[PDB]
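Shown here is one chain on its own, the form solved without the ligand, set out as structure tokens.
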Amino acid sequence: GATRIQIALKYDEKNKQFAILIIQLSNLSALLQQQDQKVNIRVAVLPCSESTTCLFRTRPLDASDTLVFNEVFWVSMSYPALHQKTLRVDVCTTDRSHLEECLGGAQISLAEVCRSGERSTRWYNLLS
């Protein structure tokens, strides 16, 4: 009975880059009941020593119960660096006045992301 988000993670050891694929949102009606405005996913690889490279946001999309973003984000970083990180995701919306409000999110540990490159696809509940 919670809004869920599916995300795929992968680390490229040889090229030293981390890939974050924001796939889709499910049951968004649980948080955004007043469906009507734009929605986007705010993503952060914390701690982030520099906003330009470890803080992202997907493109805006009209609210819907099931929403597909299929947006990928990259971060050049070492494995030891990645291994200590936390991925923070939040679903936010903007009303006609340009006011933003984040309705819920989750903190995902990245300590299980494979240095060898295997891609992990999982669902996470976004709590309010």
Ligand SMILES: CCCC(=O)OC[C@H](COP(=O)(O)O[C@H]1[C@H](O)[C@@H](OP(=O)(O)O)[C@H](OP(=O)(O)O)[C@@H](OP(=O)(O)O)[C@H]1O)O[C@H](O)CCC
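Numbers follow the displayed sequence, beginning with 1.
What follows is about the form solved in complex with the ligand, which we do not show.
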**Request:** Just superimpose the C-alphas near the binding site, carry the ligand over as positioned in the bound PDB entry, and say whether the shown chain is open or blocked by the 2.4 Å backbone or C-beta rule (3+ atoms for blocked).
**Result:** open
**Message:** So if I measure heavy atom distances to the ligand in the bound PDB entry, which of the stretches 48-56, 29-37, 68-76, 85-93 falls within 4.5 Å?
**Reply:** 68-76
**Message:** Can you work out whether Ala19 and the ligand are in contact in the bound PDB entry, taking contact to mean some heavy atom pair no more than 4.5 Å apart?
**Reply:** yes
**Item:** the ligand contact at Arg115 in the bound PDB entry, heavy atom, 4.5 Å
**Value:** no
**Request:** With heavy atoms only and a cut-off of 4.5 Å, decide whether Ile23 touches the ligand in the bound PDB entry.
**Result:** yes
